[PDB]
Amino acid sequence: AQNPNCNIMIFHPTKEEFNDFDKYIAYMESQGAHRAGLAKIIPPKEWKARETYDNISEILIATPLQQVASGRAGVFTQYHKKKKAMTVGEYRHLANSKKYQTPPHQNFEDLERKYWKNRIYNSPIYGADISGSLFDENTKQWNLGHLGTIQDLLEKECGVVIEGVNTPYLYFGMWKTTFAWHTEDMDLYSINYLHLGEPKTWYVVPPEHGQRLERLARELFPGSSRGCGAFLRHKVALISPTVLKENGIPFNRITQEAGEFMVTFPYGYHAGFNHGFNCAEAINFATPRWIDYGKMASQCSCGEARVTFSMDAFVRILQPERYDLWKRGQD
Ligand SMILES: O=C(O)CNC(=O)C(=O)O
Ligand SMILES: [Mg+2]
Ligand code: NI
Ligand SMILES: [Zn+2]
């Protein structure tokens with residue numbers, strides 16, 4: 001069995017290996033990369049996502065989200081308070097302001113310590129989930145707007161044609177902006193490219209141990225757990241590495257820098273934070289190996305998780321028993 005300790009693997013494809021996206025994912029899995037839940041891919045030196053980032057300031061963040069925390073430093077939830085629209089240039093200036101800018105620090109580890117000590121005492125503003133792409137149309141390799149669609153994969157594997165579309169999303173971050181512990185919708189893969197700016201630190205639980213993290217979360221968030229049998233689908237709960245170590249939960253950590261891709265694998269729980277002003281692009285995708293995970297994915301039916309149009313068909317075809325209850329949650 002490859003990668004039996006479930007370590008995060010880092011890959012350096014050549015320009016020739018970067019041509020065929022599906023084939024490279026399957027290669028990484030042949031080496032055990034999925035066992036970690038997360039892998040890093042450093043593009044060949046010849047590759048670029050676009051020519052420059054000099055002309056992005058007029059992108060609109062229609063609904064910036066202020067991430068307000070409650071709890072204790074290592075165990076907290078966050079809610080998202082909607083703020084007035086602002087452009088990317090306005091948001092960058094805000095991120096760089098004395099109130100929001102990254103503090104002086106020695107290295108990534110010192111910054112990680114400061115994040116976990118102090119996060120809860122501040123409310124950073126995140127431009128998340130903005131439909132669009134920063135890949136140049138002429139970039140043919142690993143262009144997250146040109147991937148094979150999940151609807152086409154389901155049709156190729158299972159024969160059933162379904163409605164829905166699959167497009168990428170932009171994230172504009174600042175110091176302390178936070179992504180809560182989650183797996184993807186329908187336990188899909190994700191791919192995330194950090195286009196510019198400061199790093200993103202990730203934490204991940206191996207898929208084979210995801211139920212250990214769920215059982216800890218039910219203990220640490222007991223009201224939320226009574227409200228919903230899949231409350232981590234709400235994407236609001238944070239648990240620190242120190243607390244994970246105290247409770248014996250297997251995990252790994254890694255820092256992504258600008259110009260690097262991260263892939264999350266089916267049922268790989270992940271969480272993390274941004275070091276400073278940055279912009280990332282991400283999308284979900286599927287492979288043949290996903291289908292079995294999609295069929296077994298938990299679902300939120302309490303009303304909180306509310307998701308895209310395209311998840312309807314996935315539930316309807318892969319989980320027909322759950323469909324009626326899940327759809328009530330959506331309505
Ligand atoms: O970058 C972020 O805020 C969150 N991204 C992801 O959870 C991802 O790419 O799967
Ligand atoms: Mg612009
Ligand atoms: Ni994710
Ligand atoms: Zn729920």
# chains A, B, ... in the order shown; residues from 1 in each chain; ligands from 1
call {"tool": "closest_atom_pairs", "arguments": {"of": "chain A", "to": "ligand 1", "cutoff": "7 Å", "atoms": "only C-alpha atoms and all ligand atoms", "output": "tab-separated table"}}
result
residue	atom	partner	partner_atom_place_in_ligand_line	distance
A:128	CA	ligand 1	3 (O)	6.9
A:171	CA	ligand 1	3 (O)	6.4
A:178	CA	ligand 1	3 (O)	6.6
A:179	CA	ligand 1	3 (O)	4.9
A:184	CA	ligand 1	10 (O)	6.6
A:190	CA	ligand 1	10 (O)	4.9
A:191	CA	ligand 1	9 (O)	5.6
A:192	CA	ligand 1	9 (O)	4.5
A:264	CA	ligand 1	10 (O)	6.2
A:270	CA	ligand 1	7 (O)	6.8
A:271	CA	ligand 1	7 (O)	6.9
A:280	CA	ligand 1	1 (O)	6.3
A:282	CA	ligand 1	9 (O)	5.1
A:283	CA	ligand 1	9 (O)	6.9
call {"tool": "residues_near_ligand", "arguments": {"ligand": "ligand 4", "cutoff": "10 Å", "atoms": "only C-alpha atoms and all ligand atoms", "output": "PyMOL selection string"}}
result
chain A and resi 224-235+299-306+326+329
call {"tool": "residues_around", "arguments": {"residues": "residue 20 (chain A)", "least_positions_apart": "6", "cutoff": "12 Å", "atoms": "only C-alpha atoms", "output": "number ranges by chain"}}
result
A: 13-14, 26-27, 140-143, 147-148
call {"tool": "select_by_dssp", "arguments": {"residues": "region 153-309 of chain A", "states": "strand (DSSP E)", "output": "number ranges by chain"}}
result
A: 169-173, 178-182, 189-197, 200-205, 237-239, 252-256, 261-264, 269-274, 278-285
call {"tool": "residues_near_ligand", "arguments": {"ligand": "ligand 2", "cutoff": "8 Å", "atoms": "only C-alpha atoms and all ligand atoms", "output": "PyMOL selection string"}}
result
chain A and resi 55-59+88
call {"tool": "residues_around", "arguments": {"residues": "residue 263 (chain A)", "least_positions_apart": "4", "cutoff": "10 Å", "atoms": "only C-alpha atoms", "output": "JSON, numbers by chain"}}
result
{"A": [25, 33, 34, 37, 38, 39, 40, 41, 189, 190, 191, 192, 193, 282, 283, 284, 285]}
call {"tool": "closest_residue", "arguments": {"among": "A:313, A:237, A:204, A:153", "to": "ligand 3", "atoms": "only C-alpha atoms and all ligand atoms"}}
result
A:204
call {"tool": "closest_residue", "arguments": {"among": "A:182, A:72, A:253, A:114", "to": "ligand 3", "atoms": "only C-alpha atoms and all ligand atoms"}}
result
A:182
call {"tool": "closest_residue", "arguments": {"among": "A:255, A:64, A:154, A:293", "to": "residue 94 (chain A)", "atoms": "only C-alpha atoms"}}
result
A:64
call {"tool": "atom_distance", "arguments": {"atom1": "CA of residue 265 (chain A)", "atom2": "CA of residue 112 (chain A)"}}
result
24.0 Å
call {"tool": "closest_residue", "arguments": {"among": "A:78, A:183, A:67, A:252", "to": "ligand 3", "atoms": "only C-alpha atoms and all ligand atoms"}}
result
A:183
call {"tool": "atom_distance", "arguments": {"atom1": "CA of residue 2 (chain A)", "atom2": "CA of residue 30 (chain A)"}}
result
7.6 Å
call {"tool": "residues_around", "arguments": {"residues": "residue 198 (chain A)", "least_positions_apart": "5", "cutoff": "8 Å", "atoms": "only C-alpha atoms", "output": "PyMOL selection string"}}
result
chain A and resi 257-258+274-278
